[PDB]
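Visitor: See model19.txt below, with compact mmCIF, N, CA and C atoms and all ligand atoms.
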```
# COMPACT_ATOMS: atom_id res chain seq x y z
N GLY A 13 0.63 16.55 -7.77
CA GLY A 13 1.21 15.21 -7.98
C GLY A 13 0.22 14.11 -7.60
N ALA A 14 0.63 12.85 -7.81
CA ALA A 14 -0.25 11.74 -7.50
C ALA A 14 -0.65 11.78 -6.02
N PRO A 15 0.23 12.15 -5.05
CA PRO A 15 -0.18 12.26 -3.65
C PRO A 15 -1.33 13.25 -3.42
N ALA A 16 -1.20 14.46 -3.96
CA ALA A 16 -2.27 15.45 -3.85
C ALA A 16 -3.54 14.97 -4.53
N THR A 17 -3.44 14.23 -5.64
CA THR A 17 -4.62 13.69 -6.25
C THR A 17 -5.31 12.73 -5.29
N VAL A 18 -4.54 11.90 -4.55
CA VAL A 18 -5.16 10.98 -3.59
C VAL A 18 -5.82 11.78 -2.46
N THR A 19 -5.12 12.79 -1.94
CA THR A 19 -5.76 13.68 -0.97
C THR A 19 -7.13 14.15 -1.44
N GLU A 20 -7.20 14.66 -2.68
CA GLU A 20 -8.34 15.38 -3.20
C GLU A 20 -9.43 14.43 -3.69
N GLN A 21 -9.03 13.29 -4.25
CA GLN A 21 -9.98 12.41 -4.92
C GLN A 21 -10.02 11.01 -4.31
N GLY A 22 -9.14 10.69 -3.36
CA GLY A 22 -9.02 9.35 -2.82
C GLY A 22 -10.22 8.94 -1.97
N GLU A 23 -10.51 7.64 -1.96
CA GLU A 23 -11.51 7.03 -1.11
C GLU A 23 -10.89 6.64 0.23
N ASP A 24 -11.56 7.02 1.31
CA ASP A 24 -11.12 6.62 2.63
C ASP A 24 -11.53 5.17 2.90
N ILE A 25 -10.54 4.25 2.93
CA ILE A 25 -10.83 2.83 3.12
C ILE A 25 -10.59 2.35 4.56
N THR A 26 -10.41 3.27 5.51
CA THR A 26 -10.29 2.90 6.91
C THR A 26 -11.66 2.62 7.54
N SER A 27 -11.69 1.67 8.48
CA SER A 27 -12.92 1.36 9.20
C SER A 27 -13.35 2.55 10.08
N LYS A 28 -12.38 3.28 10.63
CA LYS A 28 -12.68 4.42 11.49
C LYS A 28 -13.13 5.65 10.69
N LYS A 29 -13.00 5.60 9.36
CA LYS A 29 -13.17 6.74 8.48
C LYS A 29 -12.45 7.99 9.01
N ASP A 30 -11.13 7.86 9.16
CA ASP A 30 -10.30 8.93 9.68
C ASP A 30 -9.34 9.42 8.60
N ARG A 31 -9.55 9.01 7.33
CA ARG A 31 -8.74 9.43 6.20
C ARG A 31 -7.28 8.96 6.33
N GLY A 32 -7.03 7.94 7.14
CA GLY A 32 -5.66 7.54 7.41
C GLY A 32 -5.08 6.71 6.26
N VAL A 33 -5.96 6.11 5.45
CA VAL A 33 -5.55 5.38 4.27
C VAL A 33 -6.54 5.79 3.17
N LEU A 34 -6.03 6.49 2.15
CA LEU A 34 -6.83 6.98 1.02
C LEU A 34 -6.36 6.28 -0.24
N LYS A 35 -7.32 5.92 -1.09
CA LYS A 35 -7.05 5.01 -2.21
C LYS A 35 -7.59 5.58 -3.51
N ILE A 36 -6.77 5.59 -4.57
CA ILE A 36 -7.28 5.73 -5.93
C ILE A 36 -6.99 4.46 -6.71
N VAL A 37 -7.99 3.97 -7.43
CA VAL A 37 -7.71 2.94 -8.42
C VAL A 37 -7.20 3.59 -9.72
N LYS A 38 -5.98 3.23 -10.10
CA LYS A 38 -5.34 3.78 -11.28
C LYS A 38 -5.53 2.89 -12.50
N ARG A 39 -5.62 1.59 -12.27
CA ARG A 39 -5.95 0.62 -13.31
C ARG A 39 -6.90 -0.40 -12.72
N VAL A 40 -8.03 -0.63 -13.39
CA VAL A 40 -8.99 -1.58 -12.86
C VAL A 40 -8.49 -3.01 -13.07
N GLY A 41 -8.80 -3.88 -12.10
CA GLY A 41 -8.34 -5.26 -12.08
C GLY A 41 -9.37 -6.13 -12.77
N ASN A 42 -9.28 -7.44 -12.55
CA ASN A 42 -10.11 -8.39 -13.26
C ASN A 42 -11.14 -8.96 -12.30
N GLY A 43 -12.31 -9.29 -12.86
CA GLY A 43 -13.43 -9.88 -12.13
C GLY A 43 -13.79 -9.12 -10.86
N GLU A 44 -14.17 -9.88 -9.83
CA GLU A 44 -14.65 -9.29 -8.59
C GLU A 44 -13.77 -9.75 -7.43
N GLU A 45 -12.96 -10.82 -7.57
CA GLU A 45 -12.35 -11.42 -6.38
C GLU A 45 -11.25 -10.55 -5.77
N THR A 46 -11.28 -10.44 -4.42
CA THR A 46 -10.22 -9.84 -3.63
C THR A 46 -9.70 -10.84 -2.60
N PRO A 47 -8.45 -10.67 -2.11
CA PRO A 47 -7.83 -11.72 -1.29
C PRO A 47 -8.42 -11.89 0.12
N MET A 48 -8.27 -13.11 0.63
CA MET A 48 -8.76 -13.52 1.93
C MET A 48 -7.65 -13.33 2.96
N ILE A 49 -8.02 -13.20 4.25
CA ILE A 49 -7.07 -13.27 5.35
C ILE A 49 -6.27 -14.56 5.21
N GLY A 50 -4.94 -14.42 5.26
CA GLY A 50 -4.05 -15.57 5.21
C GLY A 50 -3.55 -15.89 3.80
N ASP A 51 -4.18 -15.33 2.76
CA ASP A 51 -3.73 -15.54 1.38
C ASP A 51 -2.32 -14.98 1.23
N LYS A 52 -1.47 -15.72 0.51
CA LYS A 52 -0.19 -15.23 0.04
C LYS A 52 -0.47 -14.28 -1.11
N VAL A 53 -0.03 -13.02 -0.94
CA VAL A 53 -0.24 -12.01 -1.97
C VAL A 53 1.09 -11.61 -2.59
N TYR A 54 1.03 -11.35 -3.90
CA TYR A 54 2.18 -11.06 -4.74
C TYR A 54 1.97 -9.72 -5.45
N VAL A 55 2.83 -8.73 -5.15
CA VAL A 55 2.66 -7.39 -5.69
C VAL A 55 3.99 -6.84 -6.26
N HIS A 56 3.87 -5.78 -7.08
CA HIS A 56 4.97 -4.85 -7.30
C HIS A 56 4.58 -3.54 -6.64
N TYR A 57 5.58 -2.75 -6.23
CA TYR A 57 5.24 -1.49 -5.59
C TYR A 57 6.31 -0.43 -5.86
N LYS A 58 5.88 0.83 -5.83
CA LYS A 58 6.80 1.95 -5.72
C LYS A 58 6.34 2.79 -4.54
N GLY A 59 7.26 3.10 -3.64
CA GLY A 59 6.86 3.82 -2.44
C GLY A 59 7.73 5.06 -2.28
N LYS A 60 7.16 6.12 -1.67
CA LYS A 60 7.96 7.28 -1.37
C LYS A 60 7.34 8.09 -0.25
N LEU A 61 8.20 8.86 0.43
CA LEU A 61 7.71 9.84 1.38
C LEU A 61 6.92 10.91 0.63
N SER A 62 5.91 11.50 1.28
CA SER A 62 5.39 12.77 0.80
C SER A 62 6.21 13.95 1.33
N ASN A 63 6.24 14.14 2.65
CA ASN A 63 6.94 15.27 3.25
C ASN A 63 8.39 15.34 2.76
N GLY A 64 9.17 14.26 2.96
CA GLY A 64 10.61 14.21 2.68
C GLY A 64 10.98 13.48 1.38
N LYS A 65 12.24 12.98 1.29
CA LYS A 65 12.84 12.54 0.02
C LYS A 65 13.44 11.13 0.09
N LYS A 66 12.64 10.10 -0.21
CA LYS A 66 13.03 8.70 -0.14
C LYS A 66 12.11 7.88 -1.03
N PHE A 67 12.69 6.99 -1.84
CA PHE A 67 11.92 6.22 -2.81
C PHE A 67 12.48 4.80 -2.84
N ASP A 68 11.61 3.81 -2.95
CA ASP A 68 12.04 2.43 -3.11
C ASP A 68 11.01 1.70 -3.97
N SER A 69 11.47 0.71 -4.76
CA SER A 69 10.62 0.02 -5.71
C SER A 69 11.01 -1.46 -5.72
N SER A 70 10.01 -2.37 -5.73
CA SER A 70 10.26 -3.80 -5.78
C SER A 70 10.90 -4.20 -7.11
N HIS A 71 10.59 -3.45 -8.17
CA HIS A 71 11.10 -3.73 -9.51
C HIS A 71 12.62 -3.60 -9.50
N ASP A 72 13.19 -3.14 -8.36
CA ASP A 72 14.61 -3.28 -8.11
C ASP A 72 14.98 -4.77 -8.10
N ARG A 73 13.99 -5.64 -8.33
CA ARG A 73 14.21 -7.02 -8.76
C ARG A 73 13.04 -7.48 -9.63
N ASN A 74 13.32 -8.47 -10.49
CA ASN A 74 12.31 -9.26 -11.17
C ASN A 74 11.86 -10.34 -10.18
N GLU A 75 11.33 -9.88 -9.04
CA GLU A 75 10.90 -10.75 -7.96
C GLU A 75 9.78 -10.03 -7.20
N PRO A 76 8.52 -10.49 -7.33
CA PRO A 76 7.43 -9.83 -6.63
C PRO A 76 7.66 -9.81 -5.12
N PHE A 77 7.07 -8.82 -4.47
CA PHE A 77 7.05 -8.75 -3.03
C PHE A 77 5.88 -9.62 -2.58
N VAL A 78 6.11 -10.51 -1.61
CA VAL A 78 5.11 -11.45 -1.14
C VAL A 78 4.92 -11.30 0.37
N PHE A 79 3.66 -11.33 0.82
CA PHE A 79 3.36 -11.45 2.24
C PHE A 79 2.02 -12.16 2.42
N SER A 80 1.76 -12.57 3.67
CA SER A 80 0.48 -13.14 4.07
C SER A 80 -0.48 -12.04 4.52
N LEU A 81 -1.61 -11.94 3.81
CA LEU A 81 -2.54 -10.84 4.05
C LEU A 81 -3.20 -10.91 5.44
N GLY A 82 -3.20 -9.77 6.15
CA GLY A 82 -4.02 -9.61 7.35
C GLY A 82 -3.41 -10.22 8.61
N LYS A 83 -2.09 -10.38 8.63
CA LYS A 83 -1.38 -11.05 9.70
C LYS A 83 -0.38 -10.10 10.37
N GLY A 84 -0.38 -8.82 10.01
CA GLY A 84 0.56 -7.89 10.65
C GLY A 84 1.99 -8.11 10.17
N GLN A 85 2.14 -8.67 8.95
CA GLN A 85 3.46 -8.85 8.38
C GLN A 85 3.97 -7.58 7.70
N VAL A 86 3.07 -6.61 7.48
CA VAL A 86 3.33 -5.36 6.78
C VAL A 86 2.65 -4.27 7.60
N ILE A 87 2.95 -3.00 7.33
CA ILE A 87 2.26 -1.89 7.98
C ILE A 87 0.74 -2.02 7.78
N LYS A 88 0.02 -1.43 8.73
CA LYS A 88 -1.43 -1.56 8.81
C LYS A 88 -2.07 -1.17 7.47
N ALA A 89 -1.57 -0.10 6.84
CA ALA A 89 -2.19 0.44 5.64
C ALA A 89 -2.17 -0.62 4.54
N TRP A 90 -1.10 -1.44 4.49
CA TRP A 90 -1.01 -2.45 3.42
C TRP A 90 -2.00 -3.59 3.66
N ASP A 91 -2.12 -4.06 4.90
CA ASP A 91 -3.15 -5.05 5.25
C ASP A 91 -4.53 -4.52 4.85
N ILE A 92 -4.81 -3.23 5.17
CA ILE A 92 -6.10 -2.63 4.82
C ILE A 92 -6.24 -2.53 3.30
N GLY A 93 -5.21 -1.96 2.62
CA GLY A 93 -5.36 -1.55 1.23
C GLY A 93 -5.34 -2.74 0.29
N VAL A 94 -4.41 -3.67 0.49
CA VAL A 94 -4.27 -4.76 -0.46
C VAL A 94 -5.51 -5.66 -0.41
N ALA A 95 -6.15 -5.79 0.76
CA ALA A 95 -7.39 -6.54 0.94
C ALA A 95 -8.48 -6.08 -0.02
N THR A 96 -8.47 -4.80 -0.43
CA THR A 96 -9.51 -4.21 -1.27
C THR A 96 -9.23 -4.40 -2.77
N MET A 97 -8.07 -4.98 -3.13
CA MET A 97 -7.59 -4.91 -4.50
C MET A 97 -8.00 -6.18 -5.25
N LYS A 98 -8.23 -6.06 -6.55
CA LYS A 98 -8.44 -7.20 -7.43
C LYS A 98 -7.14 -7.58 -8.15
N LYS A 99 -7.09 -8.81 -8.65
CA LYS A 99 -5.95 -9.23 -9.47
C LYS A 99 -5.78 -8.29 -10.67
N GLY A 100 -4.54 -7.79 -10.87
CA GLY A 100 -4.22 -6.86 -11.96
C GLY A 100 -4.55 -5.39 -11.74
N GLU A 101 -5.10 -5.05 -10.58
CA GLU A 101 -5.39 -3.68 -10.22
C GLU A 101 -4.09 -2.97 -9.86
N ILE A 102 -4.01 -1.71 -10.28
CA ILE A 102 -3.02 -0.81 -9.70
C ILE A 102 -3.75 0.25 -8.91
N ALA A 103 -3.26 0.50 -7.70
CA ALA A 103 -3.83 1.54 -6.89
C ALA A 103 -2.72 2.41 -6.35
N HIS A 104 -3.11 3.62 -6.02
CA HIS A 104 -2.30 4.55 -5.25
C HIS A 104 -2.88 4.67 -3.85
N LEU A 105 -2.01 4.62 -2.84
CA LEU A 105 -2.42 4.78 -1.46
C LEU A 105 -1.61 5.93 -0.86
N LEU A 106 -2.31 6.82 -0.17
CA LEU A 106 -1.70 7.85 0.65
C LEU A 106 -2.03 7.52 2.10
N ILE A 107 -0.97 7.45 2.93
CA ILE A 107 -1.04 6.81 4.23
C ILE A 107 -0.51 7.75 5.33
N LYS A 108 -1.39 8.06 6.28
CA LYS A 108 -1.00 8.86 7.42
C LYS A 108 -0.12 8.01 8.34
N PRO A 109 0.71 8.62 9.21
CA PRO A 109 1.62 7.83 10.02
C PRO A 109 0.99 6.79 10.96
N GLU A 110 -0.22 7.05 11.47
CA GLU A 110 -0.89 6.10 12.34
C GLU A 110 -1.00 4.72 11.67
N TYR A 111 -1.02 4.69 10.33
CA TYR A 111 -1.25 3.45 9.58
C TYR A 111 0.06 2.95 8.96
N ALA A 112 1.16 3.57 9.39
CA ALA A 112 2.48 3.28 8.86
C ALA A 112 3.44 3.15 10.03
N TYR A 113 4.35 4.12 10.20
CA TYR A 113 5.43 4.02 11.18
C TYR A 113 5.24 4.98 12.35
N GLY A 114 4.12 5.72 12.35
CA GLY A 114 3.78 6.49 13.54
C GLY A 114 4.84 7.50 13.97
N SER A 115 4.90 7.74 15.29
CA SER A 115 5.81 8.74 15.82
C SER A 115 7.25 8.23 15.88
N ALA A 116 7.42 6.90 16.00
CA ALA A 116 8.75 6.30 16.04
C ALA A 116 9.45 6.51 14.70
N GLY A 117 8.69 6.39 13.62
CA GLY A 117 9.27 6.35 12.29
C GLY A 117 10.04 5.04 12.06
N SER A 118 10.99 5.11 11.12
CA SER A 118 11.96 4.04 10.94
C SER A 118 13.28 4.69 10.53
N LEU A 119 14.02 5.17 11.54
CA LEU A 119 15.20 5.99 11.32
C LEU A 119 16.32 5.11 10.78
N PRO A 120 17.18 5.66 9.88
CA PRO A 120 17.06 7.04 9.39
C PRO A 120 16.16 7.36 8.19
N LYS A 121 15.74 6.34 7.45
CA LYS A 121 15.05 6.52 6.18
C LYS A 121 13.71 7.25 6.37
N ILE A 122 12.96 6.85 7.40
CA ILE A 122 11.59 7.28 7.55
C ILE A 122 11.43 8.05 8.85
N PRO A 123 11.20 9.38 8.77
CA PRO A 123 11.15 10.21 9.96
C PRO A 123 9.87 9.92 10.74
N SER A 124 9.87 10.44 11.96
CA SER A 124 8.67 10.50 12.78
C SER A 124 7.53 11.15 11.99
N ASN A 125 6.31 10.60 12.27
CA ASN A 125 5.08 11.22 11.81
C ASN A 125 5.12 11.43 10.30
N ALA A 126 5.59 10.41 9.55
CA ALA A 126 5.75 10.50 8.11
C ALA A 126 4.51 9.98 7.36
N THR A 127 4.10 10.73 6.33
CA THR A 127 3.07 10.30 5.41
C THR A 127 3.78 9.59 4.28
N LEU A 128 3.21 8.46 3.84
CA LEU A 128 3.82 7.69 2.77
C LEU A 128 2.85 7.58 1.62
N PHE A 129 3.40 7.39 0.42
CA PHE A 129 2.64 7.14 -0.78
C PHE A 129 3.13 5.82 -1.37
N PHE A 130 2.19 5.01 -1.90
CA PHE A 130 2.59 3.82 -2.62
C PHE A 130 1.75 3.67 -3.86
N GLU A 131 2.42 3.20 -4.92
CA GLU A 131 1.72 2.61 -6.07
C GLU A 131 1.88 1.09 -5.97
N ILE A 132 0.76 0.35 -5.88
CA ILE A 132 0.78 -1.09 -5.73
C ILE A 132 0.08 -1.71 -6.93
N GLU A 133 0.70 -2.74 -7.50
CA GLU A 133 0.09 -3.59 -8.51
C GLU A 133 -0.10 -4.96 -7.86
N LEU A 134 -1.35 -5.40 -7.71
CA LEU A 134 -1.64 -6.74 -7.22
C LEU A 134 -1.50 -7.71 -8.37
N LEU A 135 -0.47 -8.55 -8.32
CA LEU A 135 -0.24 -9.49 -9.41
C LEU A 135 -1.12 -10.72 -9.26
N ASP A 136 -1.14 -11.29 -8.05
CA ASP A 136 -1.79 -12.56 -7.81
C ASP A 136 -1.92 -12.76 -6.31
N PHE A 137 -2.77 -13.72 -5.94
CA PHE A 137 -2.95 -14.14 -4.55
C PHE A 137 -3.46 -15.57 -4.54
N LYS A 138 -3.06 -16.31 -3.51
CA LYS A 138 -3.31 -17.74 -3.43
C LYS A 138 -3.33 -18.11 -1.95
N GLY A 139 -4.22 -19.03 -1.57
CA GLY A 139 -4.28 -19.50 -0.19
C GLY A 139 -3.09 -20.39 0.15
N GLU A 140 -2.95 -20.75 1.44
CA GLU A 140 -1.96 -21.73 1.86
C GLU A 140 -2.35 -23.12 1.33
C1 LIG B 201 2.67 -4.82 11.65
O1 LIG B 201 3.38 -3.51 11.49
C2 LIG B 201 4.58 -3.66 10.78
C3 LIG B 201 5.04 -4.81 10.12
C4 LIG B 201 6.27 -4.82 9.47
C5 LIG B 201 7.12 -3.72 9.47
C6 LIG B 201 8.39 -3.77 8.84
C7 LIG B 201 8.53 -2.94 7.54
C8 LIG B 201 7.70 -3.66 6.45
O2 LIG B 201 7.49 -2.62 5.39
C9 LIG B 201 6.20 -2.49 4.92
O3 LIG B 201 5.21 -2.93 5.50
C10 LIG B 201 5.99 -1.58 3.82
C11 LIG B 201 4.93 -2.11 2.81
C12 LIG B 201 5.55 -3.31 2.12
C13 LIG B 201 6.80 -2.91 1.35
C14 LIG B 201 7.83 -2.35 2.27
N1 LIG B 201 7.26 -1.27 3.11
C15 LIG B 201 7.94 -0.12 3.41
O4 LIG B 201 7.48 0.72 4.17
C16 LIG B 201 9.15 0.26 2.64
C17 LIG B 201 9.04 1.64 2.05
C18 LIG B 201 9.40 2.00 0.79
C19 LIG B 201 9.28 3.32 0.49
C20 LIG B 201 8.93 4.04 1.58
CL1 LIG B 201 8.66 5.74 1.66
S1 LIG B 201 8.64 3.03 2.94
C21 LIG B 201 10.35 0.24 3.64
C22 LIG B 201 11.72 0.78 2.97
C23 LIG B 201 13.01 0.48 3.75
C24 LIG B 201 12.91 -0.98 4.31
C25 LIG B 201 11.59 -1.07 5.13
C26 LIG B 201 10.53 -1.16 4.09
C27 LIG B 201 8.31 -4.79 5.85
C28 LIG B 201 7.59 -5.97 5.70
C29 LIG B 201 8.14 -7.10 5.09
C30 LIG B 201 9.40 -7.06 4.53
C31 LIG B 201 10.13 -5.87 4.66
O5 LIG B 201 11.40 -5.73 4.19
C32 LIG B 201 12.11 -6.82 3.58
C33 LIG B 201 12.51 -7.94 4.53
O6 LIG B 201 12.45 -7.74 5.79
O7 LIG B 201 12.84 -9.01 3.97
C34 LIG B 201 9.57 -4.78 5.29
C35 LIG B 201 6.68 -2.58 10.13
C36 LIG B 201 5.42 -2.54 10.77
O8 LIG B 201 4.94 -1.48 11.48
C37 LIG B 201 5.81 -0.36 11.69
```
Show me the file's structure as structure tokens.
Ligand SMILES: COc1ccc(CC[C@@H](OC(=O)[C@@H]2CCCCN2C(=O)[C@@H](c2ccc(Cl)s2)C2CCCCC2)c2cccc(OCC(=O)O)c2)cc1OC
Guide:
Amino acid sequence: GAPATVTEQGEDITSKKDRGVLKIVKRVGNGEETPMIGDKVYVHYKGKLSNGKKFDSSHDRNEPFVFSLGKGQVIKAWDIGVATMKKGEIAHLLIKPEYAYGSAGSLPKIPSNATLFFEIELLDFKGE
């Protein structure tokens, strides 16, 4: 599946190079620009557990998911991963728990020590 493909072919985009966030570009984006710390970023996403059985998608609305990049408003893996993305890029991320919900998890949906997968489409980004 797409998770195993990220395991096997994904780029490790962590500073520690600990394979905690692995990335495949599924669709190439436009130009060269990637978002700055503090930029408002606008994405669509589909997320799911690898180990267990849980799925959620932003397209559950015609409303992009928005956050401020690099401010700890989202799990660590998203701050790391979305920073690398160009406008219009789709990427797959496979995320070890250290870069997500760790040993606590987020009960009941997300167990302890859970690996997560996301497909992210970076729609746009804009400064304050
Ligand atoms: C700085 O570290 C963290 C920052 C923020 C969080 C909270 C979870 C945080 O979730 C996320 O960071 C990730 C990436 C952004 C999309 C949502 N995220 C999820 O994990 C979602 C997943 C879907 C499928 C999965 Cl499998 S996991 C998760 C699904 C159930 C609700 C919690 C979000 C979050 C940020 C902003 C809004 C939000 O929900 C809507 C709302 O509140 O309006 C939830 C956890 C953090 O660490 C555990």
Visitor: Ligand LIG 201 (chain B): which residues are within 7 Å, counting all atoms listed in the file? Reply as a list in words.
Guide: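 Checking all atoms listed in the file against ligand LIG 201 (chain B) at 7 Å gives residues 58, 59, 60, 61, 62, 66, 67, 68, 69, 83, 84, 85, 86, 87, 88, 90, 112, 113, 114, 117, 121, 122, 127, 128 and 129 of chain A.
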Visitor: With only N, CA and C atoms as the basis for distance, which of A:110, A:57, A:105, A:80 is at the shortest distance from residue 134 (chain A)?
Guide: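 Among the listed residues, A:57 lies closest to residue 134 (chain A).
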Visitor: Rank nothing, just name the residue among A:26, A:46, A:17, A:70 nearest to residue 137 (chain A), using only N, CA and C atoms.
Guide: A:46
Visitor: List as number ranges by chain the protein and nucleic acid residues near region 93-103 of chain A, meaning an atom at most 5 Å away when all atoms listed in the file are counted, but skip any in the same chain fewer than 5 places from it.
Guide: A: 36-42, 45-46, 131-135
Visitor: Using DSSP on the backbone coordinates, identify the residues of chain A assigned to strand (DSSP E); present them as a PyMOL selection string.
Guide: chain A and resi 23-24+33-39+52-61+67-69+77-80+102-107+128-138
Visitor: Keeping N, CA and C atoms for every residue in the selection just given, could you write it to a file as a short mmCIF file (atom, residue, chain, number, x, y, z; two decimals), in the coordinates of the input?
Guide:
```cif
data_model
loop_
_atom_site.label_atom_id
_atom_site.label_comp_id
_atom_site.auth_asym_id
_atom_site.auth_seq_id
_atom_site.Cartn_x
_atom_site.Cartn_y
_atom_site.Cartn_z
N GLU A 23 -10.51 7.64 -1.96
CA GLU A 23 -11.51 7.03 -1.11
C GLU A 23 -10.89 6.64 0.23
N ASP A 24 -11.56 7.02 1.31
CA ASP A 24 -11.12 6.62 2.63
C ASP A 24 -11.53 5.17 2.90
N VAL A 33 -5.96 6.11 5.45
CA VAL A 33 -5.55 5.38 4.27
C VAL A 33 -6.54 5.79 3.17
N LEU A 34 -6.03 6.49 2.15
CA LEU A 34 -6.83 6.98 1.02
C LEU A 34 -6.36 6.28 -0.24
N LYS A 35 -7.32 5.92 -1.09
CA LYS A 35 -7.05 5.01 -2.21
C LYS A 35 -7.59 5.58 -3.51
N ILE A 36 -6.77 5.59 -4.57
CA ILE A 36 -7.28 5.73 -5.93
C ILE A 36 -6.99 4.46 -6.71
N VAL A 37 -7.99 3.97 -7.43
CA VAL A 37 -7.71 2.94 -8.42
C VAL A 37 -7.20 3.59 -9.72
N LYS A 38 -5.98 3.23 -10.10
CA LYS A 38 -5.34 3.78 -11.28
C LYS A 38 -5.53 2.89 -12.50
N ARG A 39 -5.62 1.59 -12.27
CA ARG A 39 -5.95 0.62 -13.31
C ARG A 39 -6.90 -0.40 -12.72
N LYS A 52 -1.47 -15.72 0.51
CA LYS A 52 -0.19 -15.23 0.04
C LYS A 52 -0.47 -14.28 -1.11
N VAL A 53 -0.03 -13.02 -0.94
CA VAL A 53 -0.24 -12.01 -1.97
C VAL A 53 1.09 -11.61 -2.59
N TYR A 54 1.03 -11.35 -3.90
CA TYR A 54 2.18 -11.06 -4.74
C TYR A 54 1.97 -9.72 -5.45
N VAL A 55 2.83 -8.73 -5.15
CA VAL A 55 2.66 -7.39 -5.69
C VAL A 55 3.99 -6.84 -6.26
N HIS A 56 3.87 -5.78 -7.08
CA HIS A 56 4.97 -4.85 -7.30
C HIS A 56 4.58 -3.54 -6.64
N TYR A 57 5.58 -2.75 -6.23
CA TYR A 57 5.24 -1.49 -5.59
C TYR A 57 6.31 -0.43 -5.86
N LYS A 58 5.88 0.83 -5.83
CA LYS A 58 6.80 1.95 -5.72
C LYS A 58 6.34 2.79 -4.54
N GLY A 59 7.26 3.10 -3.64
CA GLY A 59 6.86 3.82 -2.44
C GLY A 59 7.73 5.06 -2.28
N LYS A 60 7.16 6.12 -1.67
CA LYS A 60 7.96 7.28 -1.37
C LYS A 60 7.34 8.09 -0.25
N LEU A 61 8.20 8.86 0.43
CA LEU A 61 7.71 9.84 1.38
C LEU A 61 6.92 10.91 0.63
N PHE A 67 12.69 6.99 -1.84
CA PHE A 67 11.92 6.22 -2.81
C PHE A 67 12.48 4.80 -2.84
N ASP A 68 11.61 3.81 -2.95
CA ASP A 68 12.04 2.43 -3.11
C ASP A 68 11.01 1.70 -3.97
N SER A 69 11.47 0.71 -4.76
CA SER A 69 10.62 0.02 -5.71
C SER A 69 11.01 -1.46 -5.72
N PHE A 77 7.07 -8.82 -4.47
CA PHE A 77 7.05 -8.75 -3.03
C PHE A 77 5.88 -9.62 -2.58
N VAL A 78 6.11 -10.51 -1.61
CA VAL A 78 5.11 -11.45 -1.14
C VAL A 78 4.92 -11.30 0.37
N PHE A 79 3.66 -11.33 0.82
CA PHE A 79 3.36 -11.45 2.24
C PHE A 79 2.02 -12.16 2.42
N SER A 80 1.76 -12.57 3.67
CA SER A 80 0.48 -13.14 4.07
C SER A 80 -0.48 -12.04 4.52
N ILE A 102 -4.01 -1.71 -10.28
CA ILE A 102 -3.02 -0.81 -9.70
C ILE A 102 -3.75 0.25 -8.91
N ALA A 103 -3.26 0.50 -7.70
CA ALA A 103 -3.83 1.54 -6.89
C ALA A 103 -2.72 2.41 -6.35
N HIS A 104 -3.11 3.62 -6.02
CA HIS A 104 -2.30 4.55 -5.25
C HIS A 104 -2.88 4.67 -3.85
N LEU A 105 -2.01 4.62 -2.84
CA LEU A 105 -2.42 4.78 -1.46
C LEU A 105 -1.61 5.93 -0.86
N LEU A 106 -2.31 6.82 -0.17
CA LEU A 106 -1.70 7.85 0.65
C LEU A 106 -2.03 7.52 2.10
N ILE A 107 -0.97 7.45 2.93
CA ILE A 107 -1.04 6.81 4.23
C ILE A 107 -0.51 7.75 5.33
N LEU A 128 3.21 8.46 3.84
CA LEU A 128 3.82 7.69 2.77
C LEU A 128 2.85 7.58 1.62
N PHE A 129 3.40 7.39 0.42
CA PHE A 129 2.64 7.14 -0.78
C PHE A 129 3.13 5.82 -1.37
N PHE A 130 2.19 5.01 -1.90
CA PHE A 130 2.59 3.82 -2.62
C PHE A 130 1.75 3.67 -3.86
N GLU A 131 2.42 3.20 -4.92
CA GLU A 131 1.72 2.61 -6.07
C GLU A 131 1.88 1.09 -5.97
N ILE A 132 0.76 0.35 -5.88
CA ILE A 132 0.78 -1.09 -5.73
C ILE A 132 0.08 -1.71 -6.93
N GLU A 133 0.70 -2.74 -7.50
CA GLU A 133 0.09 -3.59 -8.51
C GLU A 133 -0.10 -4.96 -7.86
N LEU A 134 -1.35 -5.40 -7.71
CA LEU A 134 -1.64 -6.74 -7.22
C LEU A 134 -1.50 -7.71 -8.37
N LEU A 135 -0.47 -8.55 -8.32
CA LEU A 135 -0.24 -9.49 -9.41
C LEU A 135 -1.12 -10.72 -9.26
N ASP A 136 -1.14 -11.29 -8.05
CA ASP A 136 -1.79 -12.56 -7.81
C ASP A 136 -1.92 -12.76 -6.31
N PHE A 137 -2.77 -13.72 -5.94
CA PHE A 137 -2.95 -14.14 -4.55
C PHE A 137 -3.46 -15.57 -4.54
N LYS A 138 -3.06 -16.31 -3.51
CA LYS A 138 -3.31 -17.74 -3.43
C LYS A 138 -3.33 -18.11 -1.95
#
```
Visitor: Would you compute the distance between atom C of residue 124 (chain A) and CA of residue 73 (chain A)? Give it in Å to one decimal.
Guide: 28.4 Å
Visitor: I'd like the neighbourhood of residue 22 (chain A) as an MDAnalysis selection string, where a residue qualifies if any of its atoms comes within 8 Å (using only N, CA and C atoms), though same-chain residues fewer than 2 positions away should be ignored.
Guide: chainID A and resid 16:20 24:25 33:37 104 106
Visitor: So, with all atoms listed in the file as the atoms that count, which of A:123, A:13, A:32, A:64 lies closest to residue 89 (chain A)?
Guide: A:32
Visitor: Please, what distance in Å, to one decimal, runs between atom C of residue 71 (chain A) and CA of residue 15 (chain A)?
Guide: 21.2 Å
Visitor: Take CA of residue 65 (chain A) and atom N of residue 27 (chain A) and report the distance between them in Å, one decimal.
Guide: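 Between these atoms lies a distance of 28.1 Å.
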Visitor: With all atoms listed in the file as the basis for distance, which of A:130, A:82, A:115, A:14 is at the shortest distance from residue 48 (chain A)?
Guide: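 Comparing A:130, A:82, A:115, A:14 against residue 48 (chain A), the winner is A:82.
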